[PDB]
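The next block holds one structure in the form of structure tokens; read it before the comments.
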Amino acid sequence: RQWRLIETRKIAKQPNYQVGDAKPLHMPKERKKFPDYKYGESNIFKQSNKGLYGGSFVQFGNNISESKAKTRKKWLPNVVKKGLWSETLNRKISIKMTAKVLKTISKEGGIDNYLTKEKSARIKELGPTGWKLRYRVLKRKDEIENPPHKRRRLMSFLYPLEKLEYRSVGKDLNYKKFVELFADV
Amino acid sequence: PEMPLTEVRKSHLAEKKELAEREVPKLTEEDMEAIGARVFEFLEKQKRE
Amino acid sequence: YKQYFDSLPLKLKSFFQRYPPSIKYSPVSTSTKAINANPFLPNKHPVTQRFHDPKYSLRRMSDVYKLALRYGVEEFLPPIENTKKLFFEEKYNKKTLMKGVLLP
RNA sequence: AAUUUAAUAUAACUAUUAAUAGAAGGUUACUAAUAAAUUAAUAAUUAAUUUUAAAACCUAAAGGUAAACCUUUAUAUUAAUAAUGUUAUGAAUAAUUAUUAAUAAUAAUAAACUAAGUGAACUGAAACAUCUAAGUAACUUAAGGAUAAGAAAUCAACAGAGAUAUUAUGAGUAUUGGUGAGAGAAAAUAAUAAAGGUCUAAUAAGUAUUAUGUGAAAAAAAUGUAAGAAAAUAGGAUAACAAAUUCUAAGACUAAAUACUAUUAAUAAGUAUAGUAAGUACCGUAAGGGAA
RNA sequence: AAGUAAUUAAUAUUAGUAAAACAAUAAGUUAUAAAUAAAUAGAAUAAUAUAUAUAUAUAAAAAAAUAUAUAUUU
RNA sequence: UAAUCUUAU
Ligand SMILES: [Mg+2]
Ligand SMILES: [Mg+2]
Ligand SMILES: [Mg+2]
Ligand SMILES: [Mg+2]
Ligand SMILES: [Mg+2]
Ligand SMILES: [Mg+2]
Ligand SMILES: [Mg+2]
Ligand SMILES: [Mg+2]
Ligand SMILES: [Mg+2]
Ligand SMILES: [Mg+2]
Ligand SMILES: [Mg+2]
Ligand SMILES: [Mg+2]
Ligand SMILES: [Mg+2]
Ligand SMILES: [Mg+2]
């Protein structure tokens, strides 16, 4: 097979922003939660952006009679709503799937496994939703593997002292501001 | 935020690092000389015939 | 000698740079991790146990071999025994005629 | 000293070739200004390079709206001080001014070229229904200075070639068609072209393949539904099978020749009704049409 | 204010070259041989067709058709 | 009936 309707897609190349450079005119309010999906978000069978369609877009072709009188028809995939169990998330995740995709999931032995397969083909035939799911699972796995220590209290201890010092000079100091200051330190 | 690397990807990276760590095959001056001499001999033989 | 070597075609020169003749590369398929792994053969990766495709794909390999033949630098290239390709006079001599030719 | 002829302007468009590069409108006003440096040349200088000031309102996307208006309140808080006057008991509570620190904001952005989605009909066939027109017009979406393609699961034929792109021959040949209308390759040889090869993949499975429904007029690679492999001892390629040959899918990157726009130069058996105004006048509710 | 252009094919006239032409990098197109659906076939054994070549047919002729031959190849 | 699906909170 091929992933033509996926890998044809192109997204505007964001310029790498240096810390000292000037701002863009429209900077967003809330930050980027998820990683950027290489292949954007489908602009044709937008039905499939909400689910795990397995790179199965709608076809259009011809109904043909005994007289060979051609008439345009479309061929939809066998989509199905299906709440499937994630071991990593410890909850079942309900989404639209192609019956094919459900079969693949069953073969691979789980939904998390299906999401996390490292092949490029899989990545292509994950949606934007599928990509987000993968990210959620992978991040959770990483957390499970590696808890922070294998600092917050120190910051909390120092904060009031820092505030007092600021006041003695003359200025007031908030927590949030303190946190912002001492993130990289 | 950058997506984390899955297990297979990490293993591949480790393998690549190990490969890099080994001594790299590089074409020595001596090897080039040996080749060049052989080429010359071949040319001489061609000229003769 | 060095000047003569330099005068060799580009692809051949590049090959010699990146797979030099000091290393005696294997005739048979090997581990992908091995130093003597033949770039023309499909070597097996030891962990996954999957045959990797040859580092030099078959066309490129053939071109390299033809270049070597032209400039008489065959034996410095690693062996093409277990790659099924023969070339020119050796191919002509060693081959069996087709069943159709011998027995119509 | 003057006149003539030819060429050249800040001051025409159009076609070709070559080279280079990938770019604000309107509204009406409390009108929407600029300042400098260094280097070279000829203190003033012109030129190059660099810095710097202001710049209203509207042009979907701060929030509205009946474009050039209204409302949000950054000549804002919040805090800390200092000066002032009042209340109640030197300390406390509110208001005004002036410094210091902290908190967010401004989409007018091309058009052509490219890729993807959906996809007509008139028309031709001297009717018309397969076929054609045509994957064209159109609408829709998305990208970049170009895009696309690209280092063979390619071609070929027992001899061999060696990524792709464009053109010439091959060739209107093979091929195909209600065998009508008509449609029509490839190998090979030439140019143009750039260093043109090179790993970034732990070598790829619901994949190849099969059935079935569709699918570039020849030549497939695609695709909905469902069955579904193999390890280089293998796998793809041709009705089929046997021999042989060739290549390695289900992981990737890539200048260059090309397209379009703009600029500059050069050439015009081009244009003065294809020679600069104006998308104005005027017509229409409107999209839109459009003078002299 | 109305037979124009492009890519092609066939004729004719002239001009260049001529058993060759165009092109010169090779490659190609046309000509140089006529046939036949096609095939491994193809033009005086001692001369004008009464000979020869091809297609049908055949042991080989004859028979129909077209083509080839009478110092210099067209 | 933890196949599917409809409704309400
Ligand atoms: Mg605006
Ligand atoms: Mg109102
Ligand atoms: Mg299209
Ligand atoms: Mg008709
Ligand atoms: Mg009619
Ligand atoms: Mg068509
Ligand atoms: Mg590209
Ligand atoms: Mg592979
Ligand atoms: Mg493979
Ligand atoms: Mg099929
Ligand atoms: Mg066509
Ligand atoms: Mg590959
Ligand atoms: Mg690419
Ligand atoms: Mg007969």
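Going through the structure tokens in order, the chains are called A, B, and so on, while each chain numbers its residues from 1 and the ligands are numbered from 1 in the order shown.
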Contact set, chain A to chain F: 10 Å, only C-alpha atoms (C1' of nucleotides), as a ChimeraX atom specification: /A:80-82
Near chain B, which residues of chain D fall within 12 Å when you count only C-alpha atoms (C1' of nucleotides), and what do they look like as a count of residues only? 3
Select, from C:33, C:84, C:59, C:2, the residue with the minimum atom-to-atom distance to chain D, counting only C-alpha atoms (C1' of nucleotides).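 When distances to chain D are compared using only C-alpha atoms (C1' of nucleotides), the smallest one comes from C:59.
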Within 8 Å of ligand 9, counting only C-alpha atoms (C1' of nucleotides) and all ligand atoms: which residues, as a ChimeraX atom specification? /C:51-53 /D:203-204,248-249
Residues from the last selection, N, CA, C and O atoms (P, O5', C5', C4', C3', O3' and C1' of nucleotides), saved as a PDB file, in the first residue's frame:
```
ATOM      1  N   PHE C  51      17.406  -9.919   8.026  1.00  0.00           N
ATOM      2  CA  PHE C  51      18.388  -9.573   7.000  1.00  0.00           C
ATOM      3  C   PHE C  51      18.220  -8.120   6.566  1.00  0.00           C
ATOM      4  O   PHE C  51      17.193  -7.757   5.990  1.00  0.00           O
ATOM      5  N   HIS C  52      19.225  -7.297   6.861  1.00  0.00           N
ATOM      6  CA  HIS C  52      19.300  -5.944   6.312  1.00  0.00           C
ATOM      7  C   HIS C  52      19.612  -6.029   4.824  1.00  0.00           C
ATOM      8  O   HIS C  52      20.330  -6.934   4.386  1.00  0.00           O
ATOM      9  N   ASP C  53      19.065  -5.092   4.054  1.00  0.00           N
ATOM     10  CA  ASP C  53      19.379  -4.982   2.632  1.00  0.00           C
ATOM     11  C   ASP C  53      20.829  -4.513   2.475  1.00  0.00           C
ATOM     12  O   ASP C  53      21.318  -3.760   3.322  1.00  0.00           O
TER      13      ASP C  53
ATOM     14  P     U D 203      15.599  -3.938  11.889  1.00  0.00           P
ATOM     15  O5'   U D 203      14.912  -3.523  10.516  1.00  0.00           O
ATOM     16  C5'   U D 203      14.130  -4.471   9.778  1.00  0.00           C
ATOM     17  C4'   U D 203      13.954  -4.020   8.348  1.00  0.00           C
ATOM     18  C3'   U D 203      14.317  -5.056   7.288  1.00  0.00           C
ATOM     19  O3'   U D 203      13.351  -5.103   6.244  1.00  0.00           O
ATOM     20  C1'   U D 203      15.611  -3.094   6.972  1.00  0.00           C
ATOM     21  P     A D 204      12.146  -6.155   6.327  1.00  0.00           P
ATOM     22  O5'   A D 204      11.580  -5.927   7.800  1.00  0.00           O
ATOM     23  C5'   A D 204      10.188  -6.115   8.119  1.00  0.00           C
ATOM     24  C4'   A D 204       9.563  -4.822   8.603  1.00  0.00           C
ATOM     25  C3'   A D 204       8.309  -4.372   7.853  1.00  0.00           C
ATOM     26  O3'   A D 204       7.406  -3.736   8.747  1.00  0.00           O
ATOM     27  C1'   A D 204       9.973  -2.720   7.636  1.00  0.00           C
ATOM     28  P     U D 248      17.698  -3.423  -5.826  1.00  0.00           P
ATOM     29  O5'   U D 248      16.499  -4.105  -5.032  1.00  0.00           O
ATOM     30  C5'   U D 248      15.302  -3.384  -4.701  1.00  0.00           C
ATOM     31  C4'   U D 248      14.463  -4.189  -3.736  1.00  0.00           C
ATOM     32  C3'   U D 248      14.878  -4.105  -2.271  1.00  0.00           C
ATOM     33  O3'   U D 248      13.708  -4.111  -1.452  1.00  0.00           O
ATOM     34  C1'   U D 248      14.916  -6.354  -2.959  1.00  0.00           C
ATOM     35  P     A D 249      13.412  -2.929  -0.395  1.00  0.00           P
ATOM     36  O5'   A D 249      12.444  -1.934  -1.182  1.00  0.00           O
ATOM     37  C5'   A D 249      11.554  -2.379  -2.229  1.00  0.00           C
ATOM     38  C4'   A D 249      10.115  -2.007  -1.936  1.00  0.00           C
ATOM     39  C3'   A D 249       9.746  -1.735  -0.477  1.00  0.00           C
ATOM     40  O3'   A D 249       9.923  -0.358  -0.150  1.00  0.00           O
ATOM     41  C1'   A D 249       8.273  -3.352  -1.365  1.00  0.00           C
TER      42        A D 249
END
```
Quick one: DSSP strand (DSSP E) residues in region 35-154 of chain A, as a count of residues only? 26
Test item: residues lying within 10 Å of ligand 1 with only C-alpha atoms (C1' of nucleotides) and all ligand atoms, as a PyMOL selection string: chain D and resi 58-61+106-108
Writing out the chosen residues with N, CA and C atoms (P, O5', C5', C4', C3', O3' and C1' of nucleotides) as a PDB file, in the first residue's frame:
```pdb
ATOM      1  P     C D  58      -9.620  51.482  13.979  1.00  0.00           P
ATOM      2  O5'   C D  58      -9.982  51.156  12.462  1.00  0.00           O
ATOM      3  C5'   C D  58     -11.291  51.457  11.945  1.00  0.00           C
ATOM      4  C4'   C D  58     -11.416  51.059  10.494  1.00  0.00           C
ATOM      5  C3'   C D  58     -10.889  49.685  10.121  1.00  0.00           C
ATOM      6  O3'   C D  58     -11.805  48.656  10.482  1.00  0.00           O
ATOM      7  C1'   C D  58     -10.195  51.265   8.504  1.00  0.00           C
ATOM      8  P     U D  59     -11.273  47.172  10.763  1.00  0.00           P
ATOM      9  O5'   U D  59     -10.653  46.744   9.360  1.00  0.00           O
ATOM     10  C5'   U D  59     -11.513  46.336   8.282  1.00  0.00           C
ATOM     11  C4'   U D  59     -10.733  46.120   7.007  1.00  0.00           C
ATOM     12  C3'   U D  59      -9.699  45.011   7.006  1.00  0.00           C
ATOM     13  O3'   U D  59     -10.290  43.719   6.935  1.00  0.00           O
ATOM     14  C1'   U D  59      -8.850  46.891   5.854  1.00  0.00           C
ATOM     15  P     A D  60      -9.888  42.581   7.989  1.00  0.00           P
ATOM     16  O5'   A D  60     -10.923  42.812   9.178  1.00  0.00           O
ATOM     17  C5'   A D  60     -12.330  42.555   9.000  1.00  0.00           C
ATOM     18  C4'   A D  60     -12.759  41.304   9.736  1.00  0.00           C
ATOM     19  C3'   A D  60     -11.864  40.808  10.867  1.00  0.00           C
ATOM     20  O3'   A D  60     -12.092  41.579  12.045  1.00  0.00           O
ATOM     21  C1'   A D  60     -12.710  38.981   9.579  1.00  0.00           C
ATOM     22  P     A D  61     -10.862  42.084  12.943  1.00  0.00           P
ATOM     23  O5'   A D  61     -10.362  40.747  13.649  1.00  0.00           O
ATOM     24  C5'   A D  61     -11.181  40.077  14.626  1.00  0.00           C
ATOM     25  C4'   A D  61     -10.664  38.681  14.887  1.00  0.00           C
ATOM     26  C3'   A D  61      -9.196  38.572  15.288  1.00  0.00           C
ATOM     27  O3'   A D  61      -9.022  38.794  16.687  1.00  0.00           O
ATOM     28  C1'   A D  61      -9.725  36.932  13.643  1.00  0.00           C
ATOM     29  P     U D 106      -0.726  40.802  20.064  1.00  0.00           P
ATOM     30  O5'   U D 106      -1.927  41.299  19.143  1.00  0.00           O
ATOM     31  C5'   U D 106      -1.705  41.774  17.801  1.00  0.00           C
ATOM     32  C4'   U D 106      -2.470  43.054  17.568  1.00  0.00           C
ATOM     33  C3'   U D 106      -2.207  43.732  16.224  1.00  0.00           C
ATOM     34  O3'   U D 106      -3.398  44.197  15.592  1.00  0.00           O
ATOM     35  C1'   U D 106      -1.724  45.232  17.991  1.00  0.00           C
ATOM     36  P     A D 107      -4.279  43.212  14.677  1.00  0.00           P
ATOM     37  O5'   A D 107      -3.413  43.066  13.344  1.00  0.00           O
ATOM     38  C5'   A D 107      -2.295  42.156  13.232  1.00  0.00           C
ATOM     39  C4'   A D 107      -2.273  41.442  11.894  1.00  0.00           C
ATOM     40  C3'   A D 107      -3.498  41.583  10.992  1.00  0.00           C
ATOM     41  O3'   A D 107      -3.362  42.684  10.095  1.00  0.00           O
ATOM     42  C1'   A D 107      -2.835  39.294  11.135  1.00  0.00           C
ATOM     43  P     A D 108      -3.886  44.148  10.482  1.00  0.00           P
ATOM     44  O5'   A D 108      -4.221  44.786   9.062  1.00  0.00           O
ATOM     45  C5'   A D 108      -5.452  44.468   8.386  1.00  0.00           C
ATOM     46  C4'   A D 108      -5.214  44.237   6.915  1.00  0.00           C
ATOM     47  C3'   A D 108      -4.482  42.957   6.536  1.00  0.00           C
ATOM     48  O3'   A D 108      -5.382  41.854   6.639  1.00  0.00           O
ATOM     49  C1'   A D 108      -3.739  44.784   5.194  1.00  0.00           C
TER      50        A D 108
END
```
Can you work out which residues are within 10 Å of ligand 6, considering only C-alpha atoms (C1' of nucleotides) and all ligand atoms, and then hand them over as number ranges by chain? D: 131-136, 183, 216-217
Output N, CA, C and O atoms (P, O5', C5', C4', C3', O3' and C1' of nucleotides) for every residue in that selection, as a PDB file, in the first residue's frame.
```pdb
ATOM      1  P     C D 131     -18.041   5.173 -20.810  1.00  0.00           P
ATOM      2  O5'   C D 131     -17.231   5.569 -22.121  1.00  0.00           O
ATOM      3  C5'   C D 131     -16.165   4.736 -22.609  1.00  0.00           C
ATOM      4  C4'   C D 131     -15.735   5.163 -23.994  1.00  0.00           C
ATOM      5  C3'   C D 131     -15.240   6.592 -24.145  1.00  0.00           C
ATOM      6  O3'   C D 131     -13.925   6.778 -23.631  1.00  0.00           O
ATOM      7  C1'   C D 131     -16.690   6.089 -25.929  1.00  0.00           C
ATOM      8  P     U D 132     -13.546   8.144 -22.885  1.00  0.00           P
ATOM      9  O5'   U D 132     -13.781   9.241 -24.015  1.00  0.00           O
ATOM     10  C5'   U D 132     -12.936   9.297 -25.177  1.00  0.00           C
ATOM     11  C4'   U D 132     -13.347  10.436 -26.077  1.00  0.00           C
ATOM     12  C3'   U D 132     -13.160  11.823 -25.484  1.00  0.00           C
ATOM     13  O3'   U D 132     -11.835  12.264 -25.776  1.00  0.00           O
ATOM     14  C1'   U D 132     -15.331  11.625 -26.461  1.00  0.00           C
ATOM     15  P     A D 133     -10.957  13.021 -24.669  1.00  0.00           P
ATOM     16  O5'   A D 133     -11.623  14.465 -24.608  1.00  0.00           O
ATOM     17  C5'   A D 133     -11.651  15.336 -25.753  1.00  0.00           C
ATOM     18  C4'   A D 133     -12.718  16.389 -25.574  1.00  0.00           C
ATOM     19  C3'   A D 133     -12.649  17.186 -24.274  1.00  0.00           C
ATOM     20  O3'   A D 133     -11.726  18.264 -24.394  1.00  0.00           O
ATOM     21  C1'   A D 133     -14.861  16.418 -24.611  1.00  0.00           C
ATOM     22  P     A D 134     -10.849  18.724 -23.135  1.00  0.00           P
ATOM     23  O5'   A D 134     -10.428  17.345 -22.457  1.00  0.00           O
ATOM     24  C5'   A D 134      -9.252  17.243 -21.634  1.00  0.00           C
ATOM     25  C4'   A D 134      -9.516  16.357 -20.439  1.00  0.00           C
ATOM     26  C3'   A D 134      -9.580  14.851 -20.716  1.00  0.00           C
ATOM     27  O3'   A D 134      -9.021  14.166 -19.600  1.00  0.00           O
ATOM     28  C1'   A D 134     -11.542  15.521 -19.631  1.00  0.00           C
ATOM     29  P     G D 135      -7.986  12.960 -19.778  1.00  0.00           P
ATOM     30  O5'   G D 135      -6.962  13.203 -18.581  1.00  0.00           O
ATOM     31  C5'   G D 135      -7.364  13.099 -17.195  1.00  0.00           C
ATOM     32  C4'   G D 135      -8.078  14.355 -16.740  1.00  0.00           C
ATOM     33  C3'   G D 135      -7.363  15.202 -15.693  1.00  0.00           C
ATOM     34  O3'   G D 135      -7.836  16.533 -15.894  1.00  0.00           O
ATOM     35  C1'   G D 135      -9.333  14.373 -14.756  1.00  0.00           C
ATOM     36  P     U D 136      -7.324  17.749 -14.988  1.00  0.00           P
ATOM     37  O5'   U D 136      -7.708  19.023 -15.865  1.00  0.00           O
ATOM     38  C5'   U D 136      -7.132  19.228 -17.170  1.00  0.00           C
ATOM     39  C4'   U D 136      -8.071  20.007 -18.067  1.00  0.00           C
ATOM     40  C3'   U D 136      -8.864  21.129 -17.413  1.00  0.00           C
ATOM     41  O3'   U D 136      -8.065  22.308 -17.376  1.00  0.00           O
ATOM     42  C1'   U D 136     -10.313  19.791 -18.730  1.00  0.00           C
ATOM     43  P     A D 183      -7.216  11.452 -31.802  1.00  0.00           P
ATOM     44  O5'   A D 183      -6.977  10.365 -30.660  1.00  0.00           O
ATOM     45  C5'   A D 183      -7.091  10.724 -29.271  1.00  0.00           C
ATOM     46  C4'   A D 183      -6.888   9.529 -28.364  1.00  0.00           C
ATOM     47  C3'   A D 183      -5.450   9.096 -28.115  1.00  0.00           C
ATOM     48  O3'   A D 183      -4.785   9.936 -27.179  1.00  0.00           O
ATOM     49  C1'   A D 183      -6.754   7.191 -28.567  1.00  0.00           C
ATOM     50  P     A D 216      -9.746   5.405 -15.144  1.00  0.00           P
ATOM     51  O5'   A D 216      -8.221   5.008 -15.373  1.00  0.00           O
ATOM     52  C5'   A D 216      -7.584   5.205 -16.647  1.00  0.00           C
ATOM     53  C4'   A D 216      -6.865   6.531 -16.668  1.00  0.00           C
ATOM     54  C3'   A D 216      -6.267   6.935 -18.010  1.00  0.00           C
ATOM     55  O3'   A D 216      -7.274   7.498 -18.848  1.00  0.00           O
ATOM     56  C1'   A D 216      -4.719   7.362 -16.252  1.00  0.00           C
ATOM     57  P     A D 217      -6.949   7.880 -20.373  1.00  0.00           P
ATOM     58  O5'   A D 217      -8.031   7.046 -21.192  1.00  0.00           O
ATOM     59  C5'   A D 217      -8.206   5.633 -20.975  1.00  0.00           C
ATOM     60  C4'   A D 217      -8.601   4.936 -22.260  1.00  0.00           C
ATOM     61  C3'   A D 217      -7.450   4.454 -23.147  1.00  0.00           C
ATOM     62  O3'   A D 217      -7.713   3.151 -23.659  1.00  0.00           O
ATOM     63  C1'   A D 217      -8.870   5.881 -24.388  1.00  0.00           C
TER      64        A D 217
END
```
Find the spatial neighbours of region 15-28 of chain E, counting only C-alpha atoms (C1' of nucleotides), within a cut-off of 10 Å - ignore same-chain residues fewer than 4 positions away - and output them as a PDB file with N, CA and C atoms (P, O5', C5', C4', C3', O3' and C1' of nucleotides), in the first residue's frame.
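The resulting file, part_5.pdb, is shown below:
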```pdb
ATOM      1  P     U D 169      10.819  14.401 -33.354  1.00  0.00           P
ATOM      2  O5'   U D 169      11.762  13.162 -33.690  1.00  0.00           O
ATOM      3  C5'   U D 169      12.571  13.157 -34.880  1.00  0.00           C
ATOM      4  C4'   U D 169      13.586  12.039 -34.835  1.00  0.00           C
ATOM      5  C3'   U D 169      13.039  10.622 -34.842  1.00  0.00           C
ATOM      6  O3'   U D 169      12.620  10.169 -36.126  1.00  0.00           O
ATOM      7  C1'   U D 169      14.746  10.787 -33.227  1.00  0.00           C
ATOM      8  P     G D 170      11.363   9.183 -36.252  1.00  0.00           P
ATOM      9  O5'   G D 170      11.752   7.973 -35.290  1.00  0.00           O
ATOM     10  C5'   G D 170      12.728   6.983 -35.666  1.00  0.00           C
ATOM     11  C4'   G D 170      12.892   5.958 -34.565  1.00  0.00           C
ATOM     12  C3'   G D 170      11.667   5.111 -34.262  1.00  0.00           C
ATOM     13  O3'   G D 170      11.584   4.010 -35.166  1.00  0.00           O
ATOM     14  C1'   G D 170      12.585   5.936 -32.238  1.00  0.00           C
ATOM     15  P     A D 188      17.437   1.662 -22.405  1.00  0.00           P
ATOM     16  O5'   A D 188      17.996   1.865 -23.883  1.00  0.00           O
ATOM     17  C5'   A D 188      18.673   0.801 -24.578  1.00  0.00           C
ATOM     18  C4'   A D 188      18.913   1.167 -26.026  1.00  0.00           C
ATOM     19  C3'   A D 188      19.651   2.477 -26.283  1.00  0.00           C
ATOM     20  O3'   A D 188      21.057   2.293 -26.149  1.00  0.00           O
ATOM     21  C1'   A D 188      17.724   2.403 -27.635  1.00  0.00           C
ATOM     22  P     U D 189      21.968   3.445 -25.512  1.00  0.00           P
ATOM     23  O5'   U D 189      21.991   4.549 -26.657  1.00  0.00           O
ATOM     24  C5'   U D 189      22.608   4.269 -27.924  1.00  0.00           C
ATOM     25  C4'   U D 189      22.409   5.416 -28.883  1.00  0.00           C
ATOM     26  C3'   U D 189      22.823   6.788 -28.379  1.00  0.00           C
ATOM     27  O3'   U D 189      24.236   6.957 -28.418  1.00  0.00           O
ATOM     28  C1'   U D 189      20.720   6.944 -29.443  1.00  0.00           C
ATOM     29  P     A D 190      24.922   8.150 -27.603  1.00  0.00           P
ATOM     30  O5'   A D 190      24.407   9.440 -28.379  1.00  0.00           O
ATOM     31  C5'   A D 190      24.441  10.739 -27.770  1.00  0.00           C
ATOM     32  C4'   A D 190      23.697  11.728 -28.632  1.00  0.00           C
ATOM     33  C3'   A D 190      23.425  13.084 -27.987  1.00  0.00           C
ATOM     34  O3'   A D 190      24.494  13.988 -28.257  1.00  0.00           O
ATOM     35  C1'   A D 190      21.398  12.182 -28.788  1.00  0.00           C
ATOM     36  P     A D 191      25.760  14.101 -27.270  1.00  0.00           P
ATOM     37  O5'   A D 191      25.613  15.574 -26.686  1.00  0.00           O
ATOM     38  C5'   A D 191      24.551  15.893 -25.771  1.00  0.00           C
ATOM     39  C4'   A D 191      23.653  16.965 -26.346  1.00  0.00           C
ATOM     40  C3'   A D 191      23.195  18.018 -25.339  1.00  0.00           C
ATOM     41  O3'   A D 191      24.095  19.120 -25.409  1.00  0.00           O
ATOM     42  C1'   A D 191      21.303  16.979 -26.318  1.00  0.00           C
TER      43        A D 191
ATOM     44  P     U E  32      13.624   2.650 -53.852  1.00  0.00           P
ATOM     45  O5'   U E  32      15.102   2.095 -54.053  1.00  0.00           O
ATOM     46  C5'   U E  32      15.910   2.538 -55.158  1.00  0.00           C
ATOM     47  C4'   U E  32      17.343   2.086 -54.996  1.00  0.00           C
ATOM     48  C3'   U E  32      17.562   0.597 -54.779  1.00  0.00           C
ATOM     49  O3'   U E  32      17.490  -0.132 -55.999  1.00  0.00           O
ATOM     50  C1'   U E  32      18.883   1.815 -53.243  1.00  0.00           C
ATOM     51  P     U E  73      28.085   4.449 -64.252  1.00  0.00           P
ATOM     52  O5'   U E  73      26.725   3.676 -63.952  1.00  0.00           O
ATOM     53  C5'   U E  73      26.709   2.473 -63.168  1.00  0.00           C
ATOM     54  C4'   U E  73      25.476   1.660 -63.474  1.00  0.00           C
ATOM     55  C3'   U E  73      24.149   2.296 -63.084  1.00  0.00           C
ATOM     56  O3'   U E  73      23.678   3.073 -64.184  1.00  0.00           O
ATOM     57  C1'   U E  73      24.279   0.089 -62.209  1.00  0.00           C
ATOM     58  P     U E  74      22.406   4.038 -64.028  1.00  0.00           P
ATOM     59  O5'   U E  74      21.227   3.021 -63.675  1.00  0.00           O
ATOM     60  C5'   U E  74      19.970   2.999 -64.383  1.00  0.00           C
ATOM     61  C4'   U E  74      18.829   3.326 -63.446  1.00  0.00           C
ATOM     62  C3'   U E  74      18.676   4.805 -63.082  1.00  0.00           C
ATOM     63  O3'   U E  74      17.506   5.426 -63.635  1.00  0.00           O
ATOM     64  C1'   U E  74      18.761   3.433 -61.107  1.00  0.00           C
TER      65        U E  74
END
```
Show me which residues line ligand 14, defined as having an atom within 9 Å of a ligand atom where only C-alpha atoms (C1' of nucleotides) and all ligand atoms count, and present them as a PyMOL selection string. chain E and resi 56-58
Writer output for current selection, C-alpha atoms (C1' of nucleotides), as a PDB file, in the first residue's frame:
```
ATOM      1  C1'   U E  56      -1.429 -19.423 -55.382  1.00  0.00           C
ATOM      2  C1'   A E  57      -0.238 -24.318 -56.812  1.00  0.00           C
ATOM      3  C1'   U E  58       3.865 -28.000 -57.334  1.00  0.00           C
TER       4        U E  58
END
```
Residue 72 (chain A): which residues within 7 Å, counting only C-alpha atoms (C1' of nucleotides), same-chain residues fewer than 4 positions away excluded, as a list in words? residues 61, 62 and 63 of chain A
Hey, can you check how far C1' of residue 25 (chain D) sits from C1' of residue 264 (chain D)?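 Separation between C1' of residue 25 (chain D) and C1' of residue 264 (chain D): 27.3 Å.
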What residues in region 2-179 of chain A get the DSSP label helix (DSSP H, G or I)? Please answer as an MDAnalysis selection string. chainID A and resid 4:7 46:50 99:108 111:116 120:125 128:145 152:169 175:179
Ligand 3 neighbours within 10 Å using only C-alpha atoms (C1' of nucleotides) and all ligand atoms, as a list in words: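 I would give the residues around ligand 3 as residues 115, 116, 117, 118, 119, 135 and 136 of chain D.
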Any chance you can output those residues with C-alpha atoms (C1' of nucleotides) as a PDB file, in the first residue's frame?
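Wrote selection17.pdb, looks like this:
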```pdb
ATOM      1  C1'   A D 115       0.441  19.573  -4.964  1.00  0.00           C
ATOM      2  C1'   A D 116      -4.064  17.332  -3.207  1.00  0.00           C
ATOM      3  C1'   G D 117      -9.732  16.685  -3.054  1.00  0.00           C
ATOM      4  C1'   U D 118     -14.423  16.826  -5.806  1.00  0.00           C
ATOM      5  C1'   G D 119     -15.404  16.969 -10.815  1.00  0.00           C
ATOM      6  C1'   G D 135      -9.333  14.373 -14.756  1.00  0.00           C
ATOM      7  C1'   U D 136     -10.313  19.791 -18.730  1.00  0.00           C
TER       8        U D 136
END
```
Residues within 9 Å of ligand 13 (only C-alpha atoms (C1' of nucleotides) and all ligand atoms), as a VMD selection string? chain D and resid 149 to 150 252 to 254
So how many Å separate CA of residue 77 (chain C) and CA of residue 21 (chain C), to one decimal? 6.5 Å
Taking only C-alpha atoms into account, what are the residues of chain C at most 10 Å from chain B, put as a PyMOL selection string? chain C and resi 1-8+13-23+33-35+68+70-76
